[PDB]
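A closer look at the structure
The chain contents come next:
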Amino acid sequence: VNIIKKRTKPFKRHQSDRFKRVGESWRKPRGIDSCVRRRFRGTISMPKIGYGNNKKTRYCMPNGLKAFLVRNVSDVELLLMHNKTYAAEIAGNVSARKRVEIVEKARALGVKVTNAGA
Amino acid sequence: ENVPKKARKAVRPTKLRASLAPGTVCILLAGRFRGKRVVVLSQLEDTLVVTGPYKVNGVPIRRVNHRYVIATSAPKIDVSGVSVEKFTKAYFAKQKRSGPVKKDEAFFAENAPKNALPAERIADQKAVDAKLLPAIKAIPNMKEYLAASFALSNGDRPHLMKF
Amino acid sequence: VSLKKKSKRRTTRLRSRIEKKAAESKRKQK
Amino acid sequence: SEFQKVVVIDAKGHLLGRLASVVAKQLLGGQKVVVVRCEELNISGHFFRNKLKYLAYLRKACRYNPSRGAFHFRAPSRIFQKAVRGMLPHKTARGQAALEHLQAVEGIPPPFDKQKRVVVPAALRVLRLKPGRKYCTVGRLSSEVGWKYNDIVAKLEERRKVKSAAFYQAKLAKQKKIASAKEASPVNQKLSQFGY
Amino acid sequence: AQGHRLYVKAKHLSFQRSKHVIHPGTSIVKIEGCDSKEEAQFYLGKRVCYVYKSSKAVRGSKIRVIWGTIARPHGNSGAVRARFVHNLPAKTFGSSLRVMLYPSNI
Amino acid sequence: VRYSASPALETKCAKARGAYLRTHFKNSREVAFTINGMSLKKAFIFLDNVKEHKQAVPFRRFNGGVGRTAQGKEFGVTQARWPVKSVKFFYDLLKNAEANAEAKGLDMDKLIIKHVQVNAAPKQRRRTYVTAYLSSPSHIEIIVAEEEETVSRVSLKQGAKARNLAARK
RNA sequence: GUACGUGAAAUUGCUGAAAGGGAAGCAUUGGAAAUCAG
RNA sequence: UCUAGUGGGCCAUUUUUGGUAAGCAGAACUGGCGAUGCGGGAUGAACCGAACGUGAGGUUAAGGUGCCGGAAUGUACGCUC
RNA sequence: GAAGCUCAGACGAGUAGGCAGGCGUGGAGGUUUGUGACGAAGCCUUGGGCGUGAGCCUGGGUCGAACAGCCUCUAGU
RNA sequence: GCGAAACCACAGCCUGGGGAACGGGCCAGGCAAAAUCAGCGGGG
RNA sequence: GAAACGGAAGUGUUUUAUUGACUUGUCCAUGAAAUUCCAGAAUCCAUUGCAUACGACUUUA
């Protein structure tokens, strides 16, 4: 099995490229006659349930392992029986001492780390 | 450690084109010897064990895929007088690279025909040429036709010309 | 070039008005 | 019917619209086109009607700054260029680049008089117009709409035809010499069963 | 000087398109010498290549190639439909493609 | 204090700064853009000449309503002016920059204006009889420095042909 | 460095890259340059 | 059994009477619009097709195949300056 | 995670309106031998990843003292 | 040398059409080359 | 290396000469390969008044 993404471009809120008070996060248009809501030609697409990806590959990274957030050595040890399907990702607030301690623990576990070299 | 399902895809021998009979003159459409004309010794499982007379055009014993070969209507050259059973896939096997840690101008000096190429392979090639040259010498223009090379020109329509 | 005094192409109100009043003409003759 | 870098079309006897459409399709295909001798292009319809068409074309001009108004081109080559560009998407980069691949000239200049000049049968008046139908010449409509270089082109074309006739006579004599030696050579009969 | 060109010439005409919609997934190719759909039958399945040049040197060469395959005929005049590994750029309209003679079927 | 540019290193550069100056930001930008890249002595001659109305500062960006002149033909433009207050400020900073360069121990002959910039300052409120006559002061800094000026692989096929070609040679 | 914790946006200057013939923005496909990744 | 929103109007259709230079006015049904994007008619609230999840391939409808524009400057018979 | 697993088929515009499931914010109780001056929160970023989406995690830089996941409660969300 | 304000979705060429309201954005055309200065006020 | 011709945008044409070459015209001998299945000027400053809002222009310098 391989990884297939139905779409890569993220949905931008309409007119977010025209105004800075309008954020990039998606908001569903509400106007009755708006072109975006009525889905005319050449208009930015709307998030549809049909855009979802395969369940067997959903949430999986390009290498197939789902990222699992880890803060301490205990969280590293929980990926002992799931090293073939989960990859430990170090929390951004973990200090340098626990980071090197955790990364060698994962390396001894044989668990992939997606932010090890940091 | 999941066991994959047994695929019901069995392997059956190739049905080659009827025009690619052994002893036919053909053009190479690709490779280093593109456009050269060669005499088909035999048909392997997938490709053609073919060579142009090395004393004529210098094309050694090589395999060529049948999809990269232009069959001609040129008269057949007898090949029944030489053995072809010594040419096997294991005979043509390119051993194994065994790591890309090479190519520091030493793998390339130690390459080429001076080295690597055994004196035995030269012996079969000369033996095949010795059994093939008398035929092409007897029938006119085969030596010159095989020494020449194929190329297209203006006003040439491949979908109209028949080889 | 058109080479005309009156355009051969017609407006959408004008083309629609023919089917409006041509049908009424058939109604009147009926 | 093979892709050449430059195709020189001798527009004598062709129809303006048909030749323009063929050329406009070649330019979008990516071929450099040189349409020589544009004072000989033919247009269907009698001369008075065509002049009325053109004189109606002059009428189109701005009511403020006719300098920005429609530019009415009187040269036969420019008339053909206007016909061609109307058949191209010149408002885009593709069409604008296509126009740059067309060189329409008056007469046959020396850089193109020594090169083979093919013709388009789909535009030829003899093959495309029913006999007994009135037509006109762009090089004649141009002279009676404002073009003022008719005499020079005619004189420079008489010179060109004289020089070309002298060249052809010399080449025909050489070809006759080669042709005479042909059957004198023997293999031309010995093994000519292949049809050559 | 003339011992080569094992390929036939072609032009990239346009994308397979409607009047107002273009589909860059498949392109329209006009082969020199091919003037009917039955003649295009011969070129079906052949390997077409688009050869261009660039400034930056990769693998010690200026030349980059995009591969493709003729799939079906297009129209009556001999044009065909081609599918490439990377869709051809729209700036290559009217550019020259090289249709090779392999995979051969004769 | 850190400047807008990576230079001002001790290797080749000298620094100068002026903050909260009663000079118009638009005129200051025009003078800064004109003198940028000039030699130090050439800049001094230029600024003296602008003071004496013999050459002019071209007004490139803020050129609304600026009159035309012949003195701008040396820069390829037609709108030029003679802002004396901006010239006075820039001359003072350039003199300070030269003095800092001498203190640092640089060669005065090769010194050019590597990086000159003008930034807007906090606007100063004054009243008009109601509306405002806001002033637009300028932060100017100057950096003068002496002027100073394929691992491609080969495939098996590529190199084997190249080696064969070398053998033929 | 007192006009002093952190110091966002609007807006402005400089540098670098790029585009520009009466709009600009955006979307789809791909090339080119830059960059990251397996 | 109970409980949200609405009770409007435009366009055309076939059935009648009153009518006039001339249109027009008043009824009943029918649908479309309204809550509806898409292909075509150069573009369009009412014309011809077609009712919409994300994609790959094939085939069509309506309309089209000189160029702009994807598709025959096709075949056959006539008419017209 | 019986609140699960598994097989099959049909279906997919959507205003008024009805129903259901989720993302995010301040504070409270429980829990995580939870994170933190070897750098918490915040902020910037042409870096990477996930989700149809609301959003989330992360690399680099800045920064200086607090902060977060899970289950409930609550609202000047 | 000093130094504003009103106004500001974004802007800025015309012809025919866009059922209407024809408009500047859409359709088909004419066209289309930086940066600017002084006038006059047609078009809001 | 010298003659002639070509002015529509002459984008080149012929004629040679001297040579250095290659001379598939035909017939023979050597090597190819492990690329072992595709890839000097102008301007500023100055001057002029035939010009002029400012540029520009016309002269001198």
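Residues numbered from 1 in each chain as written, not as in the entry; some residues may be left out. Chains lettered and ligands numbered in written order. Part of a larger assembly, values for the part shown. Heavy atoms only, no water.

Method information in the entry identifies cryo-EM as the source of the structure, with 3.1 Å recorded as the resolution.

**Topic: the interface of chain E and chain B**
In this complex, chain E contributes 17 residues to the contact, which on the side of chain B involves 21 residues. If you sort the residues of chain E by the area they bury against chain B, E:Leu6, E:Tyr102 and E:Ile106 come out on top, with a joint share of 34%. Between chain E and chain B we count one salt bridge in total. Ionic pairing is found between E:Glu39 and B:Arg157, a salt bridge with its closest N-O pair at 3.2 Å. (Contact = heavy atoms within 4.5 Å. Buried area = accessible area lost by both parts, 1.4 Å probe. Salt bridge = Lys/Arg side-chain N within 4 Å of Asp/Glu carboxyl O.)

**Here we look at the arrangement of the chains**
Most contacts, when the six pairs of chains in contact are compared, are made between chains B and E. As for chain C relative to chain A, no contact occurs, and the smallest C-alpha gap between them is 24 Å. Regarding chain D and chain F, which are not in contact, the minimum distance between any of their C-alpha atoms is 27 Å.

**Details of the layout of surface pockets**
Empty space within the second largest pocket amounts to approximately 1000 Å³. Contributing to the lining of the second largest pocket are 34 residues, with D:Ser1, D:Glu2, D:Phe3, D:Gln26 and D:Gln31 lying nearest its centre. When contributions to the lining of the second largest pocket are tallied by element, the ones reaching two or more residues are β1 (6-10) and α1 (16-29) of chain D together with β1 (7-17), β2 (22-31) and β6 (96-100) of chain E. Partitioning the lining of the second largest pocket into residue classes produces 16 nonpolar, nine polar and nine charged. (1 Å grid on protein atoms, 1.4 Å probe; cavity = no way out; pocket = protein on both sides within 12 Å on 5 of 7 lines; lining within 4 Å. Points joined across faces, edges and corners; volume = space filled by probe spheres on them. Helix = DSSP H or I, 4+ residues; strand = E, 2+ residues; numbered from the N terminus. Nonpolar A, V, L, I, M, F, W, Y, C, P; charged D, E, K, R; others polar.)

**Thoughts on the packing of aromatic side chains**
Residues and elements named next belong to chain A. Counted under the stated rule, the structure contains 15 aromatic pairs over all chains. The interplanar angle of 80° and the centroid separation of 5.4 Å between the aromatic rings of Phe11 and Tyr51 together place this pair among those described as edge-to-face. Here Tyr51 lies in the loop between α1 (35-38) and β1 (66-70) and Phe11 lies in the segment before α1, a separation of 40 residues in the sequence. Residue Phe11 is classed as partly exposed on the basis of its relative accessible area, which comes to 22%. (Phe/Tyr/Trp six-rings, centres within 6.5 Å; stacked < 30°, edge-to-face > 60°. Buried < 20%, exposed > 50% of the residue type's maximum accessible area, 1.4 Å probe, protein only.)

**As for the environment of A:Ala118**
Secondary-structure assignment places A:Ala118 in the segment after α3 (96-109). Counting along the chain gives 22 residues from A:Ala118 to A:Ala96, while the straight-line C-alpha distance between them is 9.2 Å.

**Observations concerning the interface of chain E and chain D**
Chain E puts 10 residues into the contact, and the matching count from chain D is seven residues. A buried area of about 660 Å², summed over both sides, lies between chain E and chain D, and 62% of it is on carbon and sulfur atoms. Where chain E touches chain D, the interface holds zero residue pairs in polar contact. Looking at which element gives the most residues to the side of chain E that touches chain D, the answer is β1(E), with four residues. (Polar contact = N/O pair within 3.5 Å; in protein donor to acceptor, adjacent residues only side chain to side chain.)

**Things to note about the packing of helix α2 (residues 40-51) of chain F against helix α3 (residues 84-104) of chain F**
Working note: a packed helix pair is described by the angle between its axes plus the distance between those axes. All names here are of chain F. Packing of α2 against α3 leaves a shortest axis separation of 10 Å and a crossing angle of 155°. Classed by the angle they form, the pair α2 and α3 counts as roughly antiparallel. In this structure, α2 crosses over α3, and the sense of that crossing is left-handed. Across from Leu40, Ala43, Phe44, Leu47, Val50 and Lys51 in α2, the residues of α3 making contact are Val87, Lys88, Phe90, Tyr91, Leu94, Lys95 and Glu98. (Axes fitted to C-alpha atoms, helices over the stretch in contact; angles between N-to-C directions. Parallel < 35°, antiparallel > 145°, perpendicular 65-115°, else oblique. Left-handed = near helix turned anticlockwise from the far one by under 90°.)

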